[PDB]
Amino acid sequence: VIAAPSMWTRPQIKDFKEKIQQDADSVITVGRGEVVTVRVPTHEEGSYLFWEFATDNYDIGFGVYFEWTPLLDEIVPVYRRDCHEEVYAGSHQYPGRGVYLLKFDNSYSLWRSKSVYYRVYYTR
């Protein structure tokens, strides 16, 4: 049994990108037609995963898969969200011991690379 994720947005994109550039590299440049996958392993102490992402000039494909410990459950289906307008955020409870797969999918984009500002947290 897997719990449904929580998903929302918040209006301030500028404050987000400003702080992401601040902290680390933490910015994925997604080439034309490329698909980047960020692997976030689950924490024993941790119950929850939190993700935030935004883009500069264009939308990008985003979804979340959970890999067990190779079966794959679909947490967030991959669709095109507009992160250039606002910051997209979400959270999910651990189904168990495994690894989260954060998908950034630029495949549909012929001529345009995508700069992805993202951040990750976990509770406990």
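Residue numbers run from 1 along the displayed sequence. For clarity, a rigid core is taken as the largest C-alpha set superposing within 1.5 Å between two forms.
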{"item": "Stretch departing more from the displayed form, 45-53 or 93-101, Cα RMS in 8 other deposited structures of this protein (core fit)", "value": "45-53"}
{"item": "Unresolved deposited residues in the interval that joins residue 69 and residue 70", "value": "10 or more"}
{"item": "Of 16-24 and 106-114, the stretch whose C-alpha atoms average the higher B-factor in the entry", "value": "16-24"}
{"item": "Higher-scoring stretch by recorded Cα B factor average, 58-66 or 38-46", "value": "38-46"}
{"item": "Maximum C-alpha temperature factor, selected from 7, 4, 1, 120", "value": "1"}
{"item": "Residue 53 - which third its CA temperature factor falls in, relative to the rest of the chain", "value": "lowest"}
{"item": "Chain-relative CA temperature factor third for residue 33", "value": "middle"}
{"item": "Assigned third (lowest, middle, highest) for the C-alpha B factor of residue 88", "value": "lowest"}
